[PDB]
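Colleague: Show me how the following folds:
(chains A, B and C, ligands or ions: 9)
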Amino acid sequence: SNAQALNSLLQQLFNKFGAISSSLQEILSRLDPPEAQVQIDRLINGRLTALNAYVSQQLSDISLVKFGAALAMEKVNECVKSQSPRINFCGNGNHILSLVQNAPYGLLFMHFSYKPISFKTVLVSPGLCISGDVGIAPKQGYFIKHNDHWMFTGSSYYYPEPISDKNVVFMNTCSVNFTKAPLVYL
Amino acid sequence: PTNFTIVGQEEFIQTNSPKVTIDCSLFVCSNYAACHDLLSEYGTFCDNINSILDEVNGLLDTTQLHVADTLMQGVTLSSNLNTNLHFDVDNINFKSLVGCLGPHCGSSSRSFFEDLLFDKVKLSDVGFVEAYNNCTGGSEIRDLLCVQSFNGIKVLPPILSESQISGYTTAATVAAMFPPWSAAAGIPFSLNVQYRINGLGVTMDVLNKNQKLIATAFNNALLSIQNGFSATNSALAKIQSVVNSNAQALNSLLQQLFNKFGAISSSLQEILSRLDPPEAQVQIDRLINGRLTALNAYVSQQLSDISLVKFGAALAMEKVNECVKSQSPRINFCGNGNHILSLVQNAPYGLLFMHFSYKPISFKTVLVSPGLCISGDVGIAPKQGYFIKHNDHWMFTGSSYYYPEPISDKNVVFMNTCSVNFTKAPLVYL
Amino acid sequence: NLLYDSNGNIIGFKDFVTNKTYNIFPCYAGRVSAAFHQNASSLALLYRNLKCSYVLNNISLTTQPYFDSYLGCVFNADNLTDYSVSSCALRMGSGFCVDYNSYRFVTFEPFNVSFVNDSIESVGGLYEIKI
Ligand SMILES: *[C@@H]1O[C@H](CO)[C@@H](O[C@@H]2O[C@H](CO)[C@@H](O)[C@H](O)[C@H]2NC(C)=O)[C@H](O)[C@H]1NC(C)=O
Ligand SMILES: *[C@@H]1O[C@H](CO)[C@@H](O[C@@H]2O[C@H](CO)[C@@H](O)[C@H](O)[C@H]2NC(C)=O)[C@H](O)[C@H]1NC(C)=O
Ligand SMILES: *[C@@H]1O[C@H](CO)[C@@H](O)[C@H](O)[C@H]1NC(C)=O
Ligand SMILES: *[C@@H]1O[C@H](CO)[C@@H](O)[C@H](O)[C@H]1NC(C)=O
Ligand SMILES: *[C@@H]1O[C@H](CO)[C@@H](O)[C@H](O)[C@H]1NC(C)=O
Ligand SMILES: *[C@@H]1O[C@H](CO)[C@@H](O)[C@H](O)[C@H]1NC(C)=O
Ligand SMILES: *[C@@H]1O[C@H](CO)[C@@H](O)[C@H](O)[C@H]1NC(C)=O
Ligand SMILES: *[C@@H]1O[C@H](CO)[C@@H](O)[C@H](O)[C@H]1NC(C)=O
Ligand SMILES: *[C@@H]1O[C@H](CO)[C@@H](O)[C@H](O)[C@H]1NC(C)=O
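Modeller: Numbers count the residues shown, from 1 in each chain, chains lettered A, B, ... in the order given. Ligands and ions are numbered 1, 2, ... in the order given. There you are, the coordinates:
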């Protein structure tokens, strides 16, 4: 784009703009100065208009690279040096981390993400209601049945674990549509 | 607070913009050979204008594709899911926010909400198509769009129709209400609302006892947002503003073809039929200069205006990412006040967000303590709430709902040394 | 004897020898859209917002296949709007595209939702989820 803009700006000197010649040295002996002034005025006006248009285009384009650099600074601050609780900001998916490298007229970010490859269908429950009429809800995961026992599993990997106090949230009153299990004492 | 309710707020964010194409030769000249021979001297303005217009039109399509990709990042629906009899779960009515009408679940993606929103403005892409299809045939009045299309100015439709964005918004809305719920971290909608309300400082008991009231308040807020369009709302004004501005710009550009610009007439036919060739080439030059100046001004204005809608679409993408599919710890970002959640719908040239907020209605004056110092000279501070004294016994209460609870280890923060301005209570053992 | 608009145009007319009121409209001076692929030799023509009869009777007369689409009249392309393509290089508008294999007028569906074969109801308070 820069090369095309420079070429378009350079090609403006070869136009006539309504005059009898595109060059300035050509009309200096074949025409009198009182008659060459009008011919030079057209070229001057055309070249000034072209320069003004180029200046306006450049001033309009600078804001885009300014916003891009601001976004790059924010990305370096919130994706490289640290990880902020923002979804689909650094990359697209389960973001882990990112690295930064230098790129011609910019920067290059390399984001690493967690992608599953095999799935397994299971039956889950959003929460349980246990003996003291108390509700237990998984923090990040689900409650499943394994070997006729209520166990806990993660939301991104299938690995049955025993229910403990470090992976559940307690509530004094359980909801109306919670699974009743008056045998899980915790 | 001792009593609360749920309110709703609407917001419109512009994403796209009408694509305008101008024919340089047909605008400056018209079926005249002398005009073309004289314009051949300025052999760079038309190509530059066409290139700038193409570069402008390409980025709008790119941004629309980016928004379409953002709306359906991780949407996963079920095959055994039809919208003809599945429209309410957990006392939440959302029939007016889903499409998928018919056996094929296609060709009709706009719901009742989107239909009511689109029935206000007629100059949409389908509107422009139906207007341009009426220029050839009929003895009615001559519309301005037809006289603009015959001079070079024409509005082209985007690469993606509104019926496709509607089908994407419908899927994004459905994906948050049926298993698998791949829009709320894998939890049901009612439990998600309950957790979002509890995260503000509200106890779980009042939420479990008043689930039907919360559902009724949510439905009432949705109905209010729905029927609050037949008024002077700012969303409809913002929607009509872009269309009015485009129409005014097109009219101002068309009116530039009837100005003398210092010549003897505004028509080349009157000049080429009354003046001799060697002298008639003076007024055509002034006309060409004026028309080229007008075209350059319009191109500059359009190029300056496009960046605004580009940044608006970027903000809309960020809002969709951080308010609809997930809730980020950011205050006053999605909406003003205690934000619960947000829904997204399509709108003429952009998106419409509906944010739901928690609003108290009645308050009670109480006495609170920022912390306590107990037997082992050990300090205890509330997690999210306050410490009150009820029936001559220190207990804990929330910061958004007055409900006393006994002090336990699940709502306190311990400190090996208490501050100097903590209430001395050497009778509380933990 | 004449009727003008609110801008300075001419819409009316009255013949003083026959006492008849006429109207004035400008005829078609539009443009044509041409889609071209570097592997082919011919072109795919599109006359926007025009019926094929108006093109064949007033604009020109060709010996190429033609049909009517939602955007206009299409020349040198068959009607295969029931086939979707994810990646397209010839975008025409309103969710349509021109593919080459011979030009075909197809739809544009770049994004689709992943479908899963699981139930949506809760039996015994449990849901079916893939982990
Ligand atoms: C608890 O589960 C029951 C059973 O699914 C729910 O009752 C259904 O609710 C939906 C939505 O209001 C209705 O369309 C059905 O007709 C109801 N079925 C029956 C048998 O009542 C109930 O709404 C759920 N409650 C909560 C708080 O989630
Ligand atoms: C072009 O192809 C489409 C799709 O094959 C045709 O649309 C079908 O037309 C038949 C006959 O009128 C109907 O029975 C189908 O229901 C239509 N299908 C759809 C998806 O619309 C169309 O008629 C063909 N011709 C033209 C000029 O569009
Ligand atoms: C809260 O307000 C609603 C509506 O005014 C009322 O029905 C309800 O009884 C109130 N709750 C309490 C605890 O006062
Ligand atoms: C086009 O003309 C027809 C003539 O019957 C009319 O019914 C239709 O409403 C017109 N459409 C527009 C957009 O003016
Ligand atoms: C037209 O109308 C005028 C006034 O009514 C009348 O004088 C004239 O004779 C009419 N011309 C014809 C051809 O009928
Ligand atoms: C034509 O298509 C073939 C197969 O896709 C490809 O190998 C070849 O380079 C193409 N030719 C041109 C001129 O693009
Ligand atoms: C187009 O051609 C048809 C058929 O010859 C004719 O009836 C009609 O008047 C023509 N229209 C124009 C504008 O020439
Ligand atoms: C969905 O889109 C992808 C890429 O756009 C494509 O490969 C796939 O075939 C599409 N699936 C359907 C069912 O259209
Ligand atoms: C979906 O699953 C059910 C039960 O597991 C099975 O009967 C049916 O054939 C499956 N359908 C497809 C398309 O896999």
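Colleague: CA atoms for contacts and neighbours, from now on please.
Modeller: Fine.
Colleague: What is the neighbour count of the residue nearest to residue A:137 when sequence neighbours are not counted?
Modeller: Spatially, and ignoring its direct neighbours in sequence, residue A:137 is nearest to residue A:127 (4.6 Å; C-alpha to C-alpha, 6 or more residues apart in numbering or on different chains). As a burial measure, residue A:127 scores 23 neighbours (other C-alpha atoms under 10 Å in any protein chain shown).
Colleague: which phi and psi does residue A:115 have?
Modeller: phi -120, psi 120 (degrees, to the nearest 10).
Colleague: Next: residue A:42.
Modeller: phi -60, psi -40.
Colleague: Ligand 2 versus that one, what's the distance?
Modeller: 55 Å (C-alpha to the nearest ligand atom, to the nearest Å).
Colleague: Do you have the strands of chain A handy? List them.
Modeller: Listed in chain order, the strands of chain A (DSSP state E) span A:94-103, A:106-114, A:121-124, A:128-130, A:134-138, A:142-146, A:149-153, A:161-162, A:168-171, A:179-180.
Colleague: gap between the fourth one and the chain center?
Modeller: Just to be clear, that refers to strand A:128-130. Relative to the centre of its chain, strand A:128-130 is centred 42 Å away, using C-alpha atoms, centre = their mean, to the nearest Å.
Colleague: Please name whichever of the strands of chain A is nearest to ligand 5.
Modeller: Ligand 5 lies closest to strand A:106-114 among those, at 78.1 Å (C-alpha to the nearest ligand atom).
Colleague: Distance-wise, check the residue of chain C found nearest ligand 5 relative to residue B:372.
Modeller: Using C-alpha to the nearest ligand atom, residue C:18 is the residue of chain C that sits closest to ligand 5, at 4.4 Å. According to C-alpha to C-alpha, to the nearest Å, residue C:18 and residue B:372 sit 105 Å apart.
Colleague: Tell me the spacing between the residue nearest in space to the middle of chain A and residue C:75.
Modeller: Nearest to the geometric centre of chain A sits residue A:89, at 5.7 Å (C-alpha atoms, centre = their mean). Counting by C-alpha to C-alpha, the gap from residue A:89 to residue C:75 is 45 Å.
Colleague: For residue A:18, give its distance to residue A:48.
Modeller: 15 Å.
Colleague: neighbour count winner among those two?
Modeller: For residue A:18 versus residue A:48, neighbours defined as other C-alpha under 10 Å are more numerous around residue A:18 (19 against 12).
Colleague: Contacts only, for the more buried one.
Modeller: Applying C-alpha atoms under 8 Å, 6 or more residues apart in numbering or on different chains, we find residue A:18 in contact with A:42, B:38, B:41, B:285.
Colleague: Mind listing what's buried along stretch C:77-96?
Modeller: Within stretch C:77-96, the residues that qualify as buried by neighbour count (16 or more other C-alpha atoms under 10 Å in any protein chain shown) are C:77-78, C:84, C:88, C:91-96.
Colleague: One more: stretch C:113-122?
Modeller: Those would be C:118-120, for stretch C:113-122 by 16+ other C-alpha under 10 Å.
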